[PDB]
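Worksheet for the structure shown next.
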Amino acid sequence: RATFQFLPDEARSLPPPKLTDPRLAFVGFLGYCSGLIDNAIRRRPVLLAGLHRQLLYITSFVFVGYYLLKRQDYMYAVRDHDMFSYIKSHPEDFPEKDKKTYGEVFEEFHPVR
Amino acid sequence: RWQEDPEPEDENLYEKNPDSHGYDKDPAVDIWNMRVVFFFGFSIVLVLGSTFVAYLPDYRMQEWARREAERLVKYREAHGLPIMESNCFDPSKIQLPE
Amino acid sequence: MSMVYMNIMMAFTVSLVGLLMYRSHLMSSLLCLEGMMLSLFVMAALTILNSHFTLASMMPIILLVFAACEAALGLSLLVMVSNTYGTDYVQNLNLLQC
Amino acid sequence: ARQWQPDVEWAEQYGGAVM
Amino acid sequence: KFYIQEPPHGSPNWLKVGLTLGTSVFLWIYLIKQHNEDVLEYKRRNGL
Amino acid sequence: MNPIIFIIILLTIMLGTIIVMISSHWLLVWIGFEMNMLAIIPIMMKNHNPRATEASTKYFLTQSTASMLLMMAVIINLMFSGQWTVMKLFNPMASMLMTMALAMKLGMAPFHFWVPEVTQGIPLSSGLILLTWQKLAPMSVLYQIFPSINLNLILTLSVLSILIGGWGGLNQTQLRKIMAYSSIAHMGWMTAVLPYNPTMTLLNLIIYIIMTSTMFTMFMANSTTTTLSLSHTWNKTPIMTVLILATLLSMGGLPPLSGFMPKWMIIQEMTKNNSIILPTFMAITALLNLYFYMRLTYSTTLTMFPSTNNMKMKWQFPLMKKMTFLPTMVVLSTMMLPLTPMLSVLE
Amino acid sequence: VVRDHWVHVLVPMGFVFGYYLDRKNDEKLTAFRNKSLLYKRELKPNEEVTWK
Amino acid sequence: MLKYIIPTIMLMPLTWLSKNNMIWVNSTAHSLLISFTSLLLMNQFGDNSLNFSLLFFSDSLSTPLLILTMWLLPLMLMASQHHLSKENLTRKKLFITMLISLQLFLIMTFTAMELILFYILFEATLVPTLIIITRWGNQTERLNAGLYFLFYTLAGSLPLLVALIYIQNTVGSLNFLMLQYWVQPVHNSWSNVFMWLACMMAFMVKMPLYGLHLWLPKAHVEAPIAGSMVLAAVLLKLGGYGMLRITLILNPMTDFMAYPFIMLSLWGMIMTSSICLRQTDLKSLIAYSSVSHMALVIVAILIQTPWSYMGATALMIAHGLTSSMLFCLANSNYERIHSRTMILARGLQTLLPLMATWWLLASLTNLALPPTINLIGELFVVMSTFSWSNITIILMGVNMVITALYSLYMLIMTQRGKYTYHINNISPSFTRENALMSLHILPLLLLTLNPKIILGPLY
Amino acid sequence: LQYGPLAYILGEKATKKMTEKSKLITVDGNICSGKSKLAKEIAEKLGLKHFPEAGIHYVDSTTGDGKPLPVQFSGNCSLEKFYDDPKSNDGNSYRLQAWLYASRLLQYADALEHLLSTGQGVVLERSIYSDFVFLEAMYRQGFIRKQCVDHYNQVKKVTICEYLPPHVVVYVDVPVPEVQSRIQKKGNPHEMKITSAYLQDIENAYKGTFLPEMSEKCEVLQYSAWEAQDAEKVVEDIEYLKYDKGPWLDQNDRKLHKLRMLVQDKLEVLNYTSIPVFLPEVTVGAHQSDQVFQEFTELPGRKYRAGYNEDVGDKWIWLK
Ligand SMILES: CCCCCCCCCCCCCCCCCC(=O)OC[C@H](COP(=O)(O)OCCN)OC(=O)CCCCCCCCCCCCCCCCC
Ligand SMILES: CCCCCCCCCCCCCCCCCC(=O)OC[C@H](COP(=O)(O)OCCN)OC(=O)CCCCCCCCCCCCCCCCC
Ligand SMILES: CCCCCCCCCCCCCCCCCC(=O)OC[C@H](COP(=O)(O)OCCN)OC(=O)CCCCCCCCCCCCCCCCC
Ligand SMILES: CCCCCCCCCCCCO[C@@H]1O[C@H](CO)[C@@H](O[C@H]2O[C@H](CO)[C@@H](O)[C@H](O)[C@H]2O)[C@H](O)[C@H]1O
Ligand SMILES: CCCCCCCCCCCCO[C@@H]1O[C@H](CO)[C@@H](O[C@H]2O[C@H](CO)[C@@H](O)[C@H](O)[C@H]2O)[C@H](O)[C@H]1O
Ligand SMILES: CCCCCCCCCCCCO[C@@H]1O[C@H](CO)[C@@H](O[C@H]2O[C@H](CO)[C@@H](O)[C@H](O)[C@H]2O)[C@H](O)[C@H]1O
Ligand SMILES: Nc1nc2c(ncn2[C@@H]2O[C@H](COP(=O)(O)OP(=O)(O)OP(=O)(O)O)[C@@H](O)[C@H]2O)c(=O)[nH]1
Ligand SMILES: N=C(N)NC(=N)NCCc1ccc(I)c(Cl)c1
Ligand SMILES: [Mg+2]
């Protein structure tokens, strides 16, 4: 809602992503893969070389991914808050139907002969 | 043309290893490869899997349906009701158009 | 609109057509670019002056400044084109078809 | 035999100005 | 084998190694305290 | 070029783009384009050869022409609204002129002729800036003026760009001309969905930039600019052939790679608006792009082309190129589909 | 643990881990545990949930 | 499904971390263990499917296909490790990785509860399949075969993507359980005629439908043996499985939209059976055999009867094992003589007596000798198409005759007669080759004792 | 800092390290004309670095542990085979010449890198500027096809353009009849098979094309056989040269920086020596290339980037 803000203040009333979020685990995995590719293109032992470098790949991805996931969750909360409030403001456009049962509704039968 | 390697000859695994199983050039690896294929393939999956499948509990409730049908026929014939009615659903719960 | 706009818009269109219909000299086309900016300056100045948009009076001046940066840039490339081929002909700049 | 791999005739299909 | 020219990465660049490990540790602490801060702010705003 | 002068010129390329993206005034938007055009030309001429001179000249004439049409739209807009705010335009003639002006800046068809030639005539590092960073400013303007853009005009440009980009790349052996026609084809997807959902234009733009940066970085790593020169890569660095394969399949839009994501979200938005024929036509025509991506994968990774004897000398030296961010970019180019719902960050 | 036989726990562990994750999914889908018309009943004296 | 997805992924670390000489032993053994545990999917109920989570479910249709898929991975490893012996070590591990990743996409494809998750995985199988064909095929034409395979599939899939997304917009969901209850009838209109075509053409190309099948003989003749095994056994069945699910929401329009495709299949099956009588290439003969068999599956799915759906389900499983066996049998000859020409090496029953038994058993299942599940599937389909129209027994009858002629012709030409004099490198069959053949035919013949577990949801 | 734009900005400018003694000197002459000895003595007297003439295994000497590699890792090009059978069907003659040019191109880049980064001049024995004389001799004797010459010129025209010619070109003029006697005394059985017409062709190229070209842009000194016998007299001539011509006068820090970025990047130096031009003499099939490349990576200290090979004692791999 706030102009050119990555995370408006109201976003703090939502629960933050857990640090065991499955989406966050995937992002951390992508950082691990990036670390491996870095060793491979530079012709270093892929698994062993530069564990300090590999750690920072995992850490940076998880750090950025945590905030992206938080904004992602915030934008979907905002979408629903907007959508439900609009429905409340315009009842005549979203009228509750009278729900007929299947014993009353006539559906045509199409034999598979 | 170009500088190219000639097409290599055909290697017969039996020449170096007359007891070859056709898995590996190394005889010890060749024996292990055979052992895992036969033990895990035949002794486990095919023998135990076949036994497991044979003793599956009432796969898709075909036996229960037969026991249940017996119960219904016994009841209906004793009470003089039709074995099976043409109407699947009670016609009092239906409201035809028109 | 007022009749002055007919001739200023016409002048812009004439220079635009002059720009898009090349001949040989690259200098001639750079002139048509400068003419296009001149019509835009006049066209903008009339609107701003007639409407008494006081702070917009600086806008035409800013327009000229970036016109000169374009003309200077255009002439710089013309120098290099001329050095390569000994003319400013645009038919010499056809190496990049292939 | 053995697996076919591009030879010079094949490679020259991609060395021209255009395909 | 024993290189005729000493490799550019023949020995660890300890200044970079320290910076790399220090940055990973720093970012990890920053992330955790933020998450704890957000969790407490979230409970506060929702009456938990 | 002095290294300090190169950095100042690069930062001016970015400053002009930034000015366009932060300006609320049409005059400052025009200034941003002019500042950006001034700074990029010396990057094109950096190597000083007749092809660089021809490329820069063709680029200058095209961009300078577009700016005059851009300023014409702004002044017509001023006559018919008396303001300069960057938003919808208040005159249909102004909307057409501005829309064409941005189409020429992007190199959309049929204003596309400069893109293949300019890209071929400048180095790879300069080509990377041209096909990526230079798209930001014109797209950021379309993102703000779309409520007044003529739908038939913008969808016509998008259709022609996808066709001409797809057909144009079929006949190319030069890598820089292959990237150029690919860029034209991808520009069409971005503008096709703009009338319906600008958020999907940004997504396509971001993913296109990541994939395009990845490819150019890999071409720079090996100093390859032709199909046959790139076909020697399996003999130098085998790993780089696998990254090229994964990236190229991604640019083709194949699931489960990332490049499928924008084609997928654009088709969703178009169908929500009862546009069925156009996305179908667009998806099928994008198979042309997949075709000439697949040729590169064949000559690069999935076969082994003839090598030369002197290639053995290169085995004894490591890659010295910076290859900045390539490990990150390639992973993003390929393994991002599971995170598609993250597109709401762009909302 | 041997230097020849530690790679043989990966797939077995993966199965055990996947099995564990499969059961945790069922913990998210208990909205109708003991509430369906077909199977709803009363709990036994010691039972806490009809299924877990 | 995570008890199968995760251990399938763990096959990749296992292969890459294995000792250089144990990559085949380790991957083969542990992929057999995964196959063993897949039998737990046979916890099926009479009324409800087995729904694990919001993402994955397994009914009686997907369960046998999953078990076929996971059984095939160990067989493909056994079949490839000979011709890949000289391969570079890393390029051997990359080959195995392509097969493992294919299994991963496949078992997720058959259990996806949402149709757009099904679409992505359904499409994802292309990449590993294409890379196998074009990287590890032997001939020049493997490159053209890759392109035909890729673009035939995509020509159909991309329309399917538009149709599914349109269906989600109008219905609100693509969850297959939800579609069962929210399905509405499809009323005639040019708009629905093309919705029907978009929903069915992608699957028709995979089967393949006669006329749209040209990609298949190309791909088989160029693929490596493991590629041909998965192509015939499973990847063709993605078309059948997809059709069996999507036809739910195409009613009653399927009544008349089926006619052009039943005509193509009924006539196409006689045409492709007759092509087999004059094929000179043994692999190409088997490829064209699949087209004829899969024609019956297309007809059965389109006439939409309880007997036809049971028959289609059995045919897909039976064909999967038989066609995979036949490709493996032809390959063992090829590894010796290095040609696919059927008439090149004759009278092999004299030189390889036990391999000639496998050739016999494979042929008998291919011609549908009762009570094989090949015959159970083919018979159930013929019963239902007879009720659809009595005259179909004429076309079914002729196909059965021609199917026997080319099945035994292949047996007689390669195994009987006189051996070719100049061919003198026919070594005795390896244990690996004999075990590979028996792991095809024994499960195929065992399923006759208990065929209900491959008869599908309508049993 | 590894050299780059950042190092240049902070003061690593070539004009700071170059002096009046920072010179590139090339000793040229015919076979068995006393080049090596004279070049080594000039280098020792002037305080310069001596580069022995680049051979087949020059690149090996600058990478790995510095020992020659097996000949399959140079294409099997053989100088002895060239002398024995200069018309070998397997294209050994041109393959050798293409390999030698690339070795010289690499040596020239290494020499320039040494000159620019330390300011100490160097002495070379022949160079990329004079390598063509051997190509002309081969072509005039029918040892190579005209297509090979065309290929050679393509590679040269896109590589030699990037570098500066040597400051001083020393040339030892030994007439062919004396050369033949010198070879006969040297005692290498293969080298005795050299025809005099081939030797005359080397001399005709040197006098016909090389020296007239170098005169325009370098200081050229020509010494007969006996004059060359005293390097001290040669050094005296070098010490009093004017240095008034050639492109080195036009260089500045901005240009030497760009030149240094090239020569320090060896793959960039060697970029165009493997242009995709399919001559039978230098084209290698995929199966041969793949096999040899795999064998190369199995050599000690060659699997990984230098400093990451634990098979040869590299340590701290997990932190490097
Ligand atoms: C829980 C984990 C599950 C695994 C999921 C894998 C998904 C794909 C991830 C892609 C990123 C892989 C890492 C980047 C590649 C680097 C590896 C490499 O270049 O070569 C293999 C290398 C061993 O060879 P070497 O170069 O000598 O290094 C010595 C170190 N032992 O290093 C090695 O020892 C092996 C390293 C991994 C090899 C990966 C092989 C390519 C995989 C891509 C195929 C597509 C993935 C499957 C698709 C479905 C995705 C689930
Ligand atoms: C959308 C959802 C998915 C989320 C995507 C998230 C993507 C964004 C996350 C950032 C991506 C880049 C992360 C790169 C991590 C690797 C950094 C590293 O290990 O560097 C090692 C070392 C340099 O490290 P050093 O500069 O000393 O650390 C201090 C940094 N201020 O020296 C080296 O050898 C590094 C060389 C390899 C790196 C390539 C070249 C880039 C240079 C980067 C410099 C360091 C940047 C520090 C990154 C911090 C990011 C939080
Ligand atoms: C995760 C969920 C989302 C799913 C999206 C898909 C995820 C996968 C994304 C992949 C990202 C790219 C990184 C792939 C890593 C590949 C690792 C690898 O190929 O091994 C390295 C090796 C390079 O060779 P080298 O470093 O020198 O090691 C010694 C051998 N000479 O390589 C070689 O030597 C091979 C040289 C021969 C070329 C063979 C090419 C066929 C094999 C290609 C397999 C990879 C295909 C990836 C495409 C997507 C697959 C789905
Ligand atoms: C529930 C999960 C069960 C998973 C079961 C997986 C079964 C895998 C069976 C492979 C067993 C082979 O075990 C094998 O043992 C010996 C001794 O340690 C090892 O070491 C051996 O290598 C070679 C074989 O090439 C032998 O000649 C040598 O005598 C010995 O040193 C092998 O490297 C290892 O492969
Ligand atoms: C590349 C092309 C180069 C040539 C450029 C020439 C630019 C000339 C700009 C002239 C702009 C005139 O703009 C045009 O004015 C007339 C006024 O009668 C408007 O006329 C229309 O709108 C107004 C009210 O909205 C009413 O007159 C009426 O509804 C309708 O006639 C047009 O909607 C407008 O498009
Ligand atoms: C492999 C390709 C297979 C191709 C199969 C071809 C099947 C052909 C189906 C033709 C029938 C289409 O369905 C038919 O479409 C028209 C749409 O205009 C509908 O009719 C509608 O349009 C017509 C105009 O022609 C009006 O007269 C009618 O009042 C209106 O309701 C019909 O109610 C419907 O019966
Ligand atoms: N074909 C060919 N042979 C070359 C080339 N460069 C050197 N050689 C050969 O390498 C050998 C040594 O070269 P030289 O230095 O000229 O002979 P030398 O015996 O060492 O006599 P010095 O000048 O004193 O050093 C000779 O047989 C040359 O013919 C070349 O570019 N092409
Ligand atoms: N279609 C457009 N032009 N705009 C647009 N995205 N409308 C859709 C509305 C929307 C969707 C998602 C979110 I999260 C939010 Cl907050 C709002
Ligand atoms: Mg010498």
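Residues are named by chain letter and number: chains run A, B, ... in the order of the structure tokens, numbers start at 1 in each chain, and ligands are numbered from 1 in the order shown.
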
Exercise answer, chain H residues close to chain I, 12 Å and only C-alpha atoms, as number ranges by chain: H: 86-91

For C-alpha atoms, I'd like the residues from the last selection saved as a JSON list (two decimals), in the first residue's frame.
[["chain", "number", "residue", "atom", "x", "y", "z"],
["H", 86, "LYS", "CA", 33.69, -47.51, -23.27],
["H", 87, "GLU", "CA", 31.87, -44.32, -22.29],
["H", 88, "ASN", "CA", 33.59, -41.70, -20.19],
["H", 89, "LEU", "CA", 32.81, -42.09, -16.50],
["H", 90, "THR", "CA", 31.10, -38.73, -16.09],
["H", 91, "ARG", "CA", 29.14, -39.32, -19.29]]

Let me have all residues with an atom within 7 Å of ligand 5, counting only C-alpha atoms and all ligand atoms, laid out as number ranges by chain. C: 9, 13, 16; F: 69, 76, 91-93, 97

For chain E, which residue among A:71, A:1, A:52, A:79 is the nearest when counting only C-alpha atoms? A:52

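Taking only C-alpha atoms and all ligand atoms into account, ligand 2 lies nearest to A:38 out of the set A:21, A:10, A:107, A:38.
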
Could you list, as an MDAnalysis selection string, every residue within 9 Å of stretch 62-65 of chain C, counting only C-alpha atoms and ignoring same-chain residues fewer than 4 positions away? (chainID C and resid 37:38 40:41 58 69:70) or (chainID F and resid 27 31)

Suppose we keep C-alpha atoms; can you now write the selection as a CSV table (one decimal), in the first residue's frame?
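Printed below is out_19.csv as written:
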chain,number,residue,atom,x,y,z
C,37,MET,CA,14.1,19.7,-33.5
C,38,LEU,CA,13.7,23.3,-34.6
C,40,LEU,CA,9.6,21.0,-32.0
C,41,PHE,CA,11.2,24.0,-30.3
C,58,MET,CA,12.7,27.0,-19.6
C,69,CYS,CA,24.4,17.0,-27.8
C,70,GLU,CA,22.7,15.0,-30.6
F,27,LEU,CA,10.6,16.2,-20.3
F,31,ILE,CA,16.2,13.6,-21.1

Check every residue of chain F for an atom within 8 Å of chain H, counting only C-alpha atoms, and provide those that qualify as a ChimeraX atom specification. /F:254-256,267-268,271-272,276,279-280,283-284,287,298,302-303

For ligand 2, list the contacting residues at 6 Å or closer, counting only C-alpha atoms and all ligand atoms, as a PyMOL selection string. (chain A and resi 27+53+56-57+60-61+64-65) or (chain E and resi 16+19-20+23) or (chain F and resi 324-325+328)

Extract, using only C-alpha atoms, all DNA, RNA and protein residues at most 10 Å from residue B:96, discarding same-chain residues fewer than 3 positions from it, and format them as a PyMOL selection string. (chain A and resi 103-106) or (chain B and resi 91+93)
